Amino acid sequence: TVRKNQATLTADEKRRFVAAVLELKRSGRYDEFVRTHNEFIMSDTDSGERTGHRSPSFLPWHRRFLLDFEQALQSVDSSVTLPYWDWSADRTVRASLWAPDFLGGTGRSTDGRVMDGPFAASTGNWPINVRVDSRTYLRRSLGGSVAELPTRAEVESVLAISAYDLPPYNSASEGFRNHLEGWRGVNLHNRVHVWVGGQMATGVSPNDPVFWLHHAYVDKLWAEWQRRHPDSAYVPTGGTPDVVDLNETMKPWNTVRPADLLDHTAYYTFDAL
């Protein structure tokens, strides 16, 4: 099972991915992923328990969450895998990612409503149910709130950071995890959520299917970092309050540890690494 750059999918792969996502939404399964993520986003805090975000487990937690979602996709269509969006390469509103045969484009200026693609509210196939902003249609403002996506040079600067994470293991940390997450530095992952806008900029960001392709690329960058720094590994490694240590299990699953997730090749490979 190979995760491919979105820019390379065939028409058939795009069709099958879209259909499987829309079936997970139809059946009610999709919205429970949105709900799980929102609960962690709203509970993880820099001075208290933190698991999904703003913490060393940001990367293995999103790895397992994306595996849960890919497994659900595969239960509808076993050929489908999660594609990734290299936002350092495919950085304009003109990328085929945002075409009507894939995710559809940006929102209209009046109310941010996405008007084309399979997830536009007018299709009847993508109600926004799990929400805080009361509106029930997918919204985006590509490039609205921040002008540019991160560049390859910026990604490279973060990939060169040797330490995985550092105390205090939160949004103030130095180290790779927090620079990739983006709370410090040139800002990679947080800035992409802000760039897409709409629900992707909120606490219910998996409402936009681009969520998965963004995090699949963030997950790819972790794998690339591992290759660059084979003498560097997940920290902390035991006895840290409020923080998932290497061999501690992670909510919500409780049955998996960061240790079980460091090597993606047990689950999937990339088209190229």
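Quick note: we count residues from 1 along the sequence shown, nothing fancier.
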item: Of 244-252 and 24-32, the stretch whose C-alpha atoms average the higher B-factor in the entry; value: 244-252
item: Selected stretch [higher average CA B-factor]: 217-225 or 42-50; value: 42-50
item: Highest recorded Cα temperature factor - choice among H193, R177, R135, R108; value: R108
item: Most elevated Cα B-factor in the entry, residues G117, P83, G144, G203; value: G144
item: Record-listed C-alpha B factor of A259: chain third; value: middle
item: Chain-wide C-alpha B factor ranking for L188, given as lowest, middle or highest third; value: lowest
item: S57, C-alpha B-factor rank within chain (lowest, middle or highest third); value: middle
item: Third assignment of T151 from its chain's C-alpha B-factors; value: highest
item: Entry-reported Cα temperature factor of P168, expressed as the chain third it lands in; value: middle
